[PDB]
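Next comes just one chain, in structure tokens: the form deposited in one PDB entry.
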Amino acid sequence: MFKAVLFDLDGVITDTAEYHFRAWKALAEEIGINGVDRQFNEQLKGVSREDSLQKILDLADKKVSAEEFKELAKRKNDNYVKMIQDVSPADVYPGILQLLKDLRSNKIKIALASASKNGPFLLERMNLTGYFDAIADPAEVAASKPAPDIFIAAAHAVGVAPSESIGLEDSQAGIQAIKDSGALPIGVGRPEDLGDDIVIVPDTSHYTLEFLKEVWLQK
């Protein structure tokens, strides 16, 4: 019977994508480039700041100094951090608070397996700190998803092997990183995105202790 659950943050617990998007939007407009819409920002999901910034510059063919490039990246980051001050318990995805409580009361370990450098602050803002047994530091992790490194650390830090764990992810890269860590992925989203070898729920309200017990029994 699974001993831990390793939570993705963005797309499972909450939406950080929205704030990163407004942040890139504000910076693009601040400096006159158009065409940073939610469609275009599908290419700024996952990639680091350098890559994102290049793709926004590459839109108006703006040329910038190494000095200018560092500052713009920094004003995007200052933006992002200002905007996530708003985050409240109101921002938690359906079913998640009730899943965290059910897991805690069944003595199942709870770990965050997220690339957010803001994970600890976001879990405090949403008043979930008390549920989480460990937060994998993405700064202590050698490669991002689809490398399993983040899921292995999250497992190790609550004292379980990944093979004793379920991972919940929203992204195709995250599903891959769970599979390669040895954990059982349960997806949220569409099989068109995440694949049809793994069990997927349409939305997070379907992530129940009783559903996760059902899936563990049938692997």
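Take the two forms, superpose them, and find the largest set of C-alpha atoms that agree within 1.5 Å; that set is the rigid core. One rule holds for the numbers: they count along the sequence shown, beginning at 1.
The deposited model assigns a higher average Cα B-factor to 140 to 148 than to the other stretch when 114 to 122 and 140 to 148 are compared. For the segment pair 35 to 43 and 179 to 187, the entry gives 35 to 43 the higher mean B-factor, averaged over Cα atoms. As recorded in the PDB entry, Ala28 shows the highest C-alpha B-factor of the residues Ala28, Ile166, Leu53, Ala157. For the set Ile198, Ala23, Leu209, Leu9, the PDB entry assigns the largest Cα B-factor to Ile198. The entry lists a Cα temperature factor for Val5 that places it in the lowest third of the chain's modelled residues.
Compared with the other modelled residues of the chain, the Cα B-factor recorded for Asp78 ranks in the middle third.
The discussion below concerns the form deposited in another entry, not included here.
Annotation: Cα of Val36 displaced by at least 2 Å between this form and the one not shown, core superposition. Shown in the overlay between this form and the one not shown, fitted on the rigid core, is a CA shift at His156 smaller than 2 Å.
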